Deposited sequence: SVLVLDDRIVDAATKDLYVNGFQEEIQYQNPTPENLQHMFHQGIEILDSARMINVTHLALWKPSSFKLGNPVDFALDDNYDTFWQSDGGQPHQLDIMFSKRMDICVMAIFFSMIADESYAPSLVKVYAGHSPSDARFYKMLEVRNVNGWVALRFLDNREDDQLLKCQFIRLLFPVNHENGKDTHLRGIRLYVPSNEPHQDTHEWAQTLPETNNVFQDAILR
C-alpha cells in the first residue's frame, strides 16, 4: 500500500548502477538520466499510451502547462499554482491495461517543487477511483517505473480508465510542485 522511494525495489529505479550513480548529481547528470530513462522505457515491448488520455491539472502556472510533464524534455515541467493538495487527473476514452507508470523525480533539480508524498488512485471515473498506493519520495533523482506487481490477480496490471495523482506535500517547504515527465504503458 506504501512504497518508500530512496535510491540509496531494484527494477523500480530505471536509472542507477548496480543504486545511485552520482553521489552529487549535476544538471548534466540529471538531464542524462532523464534522457537515458526515456530510451530504456521505449526500448521495452510495451506500448506508450501517455498521449491517448486526457490530462487535467488541479491548477497550473501560465507558461508551465501539464503538457510539459508529457513531453520528452528534461528542462520543461508542469508547475501547479494553488493551495495543496495539488491534483492530476488522467482519463482514458476506455478501460486500459496499464503495465507501467513511470515518473521522473528529482529532488536536486526540483528542490522545493519536488513532491515528498504522492497518492495514486485509479478506477472508472473520479467518483469511482480507489486508492492504490502511496509513494514516499524520500530521496530520488531519476525515472521510477511502477509495475503494479501487486495484486497478481489482474496479474501485475492496473486495469482502469481513470487515474488520479494527489500531491499533498513537498520537500523543503515548497508550496507548488513540478513534474518534468510521466509516462503510461500497456502490454504487447
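Exercise. Where are the gaps relative to the deposited sequence?
Worked result: 9 to 13, 24, 195 to 221 are the stretches of the deposited chain that have no C-alpha coordinates in the structure.
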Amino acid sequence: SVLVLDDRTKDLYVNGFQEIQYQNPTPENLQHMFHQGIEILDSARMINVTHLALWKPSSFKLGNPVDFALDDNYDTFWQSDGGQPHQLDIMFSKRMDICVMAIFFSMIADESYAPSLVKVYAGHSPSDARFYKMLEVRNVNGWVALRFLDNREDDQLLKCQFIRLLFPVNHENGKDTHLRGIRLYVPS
From here on, numbers count along this sequence of modelled residues.
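For this session: Take the C-alpha B-factors listed in the entry for 19 to 27 and for 163 to 171, compute each mean, and give the stretch with the larger one.
Result: Higher mean C-alpha B-factor in the PDB entry: 19 to 27.
For this session: Check the entry's C-alpha temperature factors for 40 to 48 and 135 to 143, then say which stretch has the higher mean.
Result: For C-alpha atoms only, the mean B-factor is higher in 40 to 48.
Problem set entry | Which of 62, 149, 120, 69 ranks first by CA B-factor in the deposited coordinates | Of the candidates given, the C-alpha B-factor peaks at 149.
For this session: Going by the recorded CA B-factors, say which third of the chain residue 116 sits in, lowest, middle or highest.
Result: Residue 116: CA B-factor falls in the lowest third of its chain.
Problem set entry | CA B-factor ranking of residue 76, expressed as a third of its chain | Lowest third, going by the recorded CA B-factors of the chain.
For this session: Rank-wise, by C-alpha B-factor, drop residue 91 into the lowest, middle or highest third of its chain.
Result: CA B-factor rank for residue 91: middle third.
For this session: Classify residue 14 as lowest, middle or highest third according to the C-alpha B-factor given in the PDB entry, relative to its own chain.
Result: For residue 14, whose C-alpha B-factor we compare with every modelled residue in the chain, the answer is the middle third.
For this session: Compare the C-alpha B factor of residue 4 with those of the other modelled residues in its chain, then answer lowest, middle or highest third.
Result: Middle third, going by the recorded CA B-factors of the chain.
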